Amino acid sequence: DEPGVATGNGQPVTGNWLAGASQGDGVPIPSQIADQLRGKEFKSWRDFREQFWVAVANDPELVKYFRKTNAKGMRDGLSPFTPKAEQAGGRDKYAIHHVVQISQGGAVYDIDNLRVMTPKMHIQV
């Protein structure tokens, strides 16, 4: 867990971004969120994750799909809780998944290597 520079564009996302987080490979990072991270230094995964969720909370069209405690947490950089149905025991937050695992040379801060997943989906990878 070392500093790095986020790279990548994510994907155009419209409507309920995390609706797909509970299925298959999860959802790509919205391009407008990539816009807030790409080219910036991150001191750690935590720092990236925080700025990620802060950016989500700061995006009216994404944050509107989160209720107040999730949105409040996200403004603090805290991963929003998934619906209980999408939690996997201890894991209850939307997971930012590295599609190519870091252990397999996956880029920690490559936004295009990230999918948001529910724990339920995440744990099946």
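Residue numbers here begin at 1 and follow the sequence given.
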item: Residue stretch of maximal mean CA temperature factor, 13 to 21 vs 110 to 118; value: 13 to 21
item: Residue stretch of maximal mean CA temperature factor, 59 to 67 vs 37 to 45; value: 59 to 67
item: Top residue by Cα temperature factor, when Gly77, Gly26, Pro30, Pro83 are compared in the entry; value: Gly26
item: Third assignment of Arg91 from its chain's C-alpha B-factors; value: highest
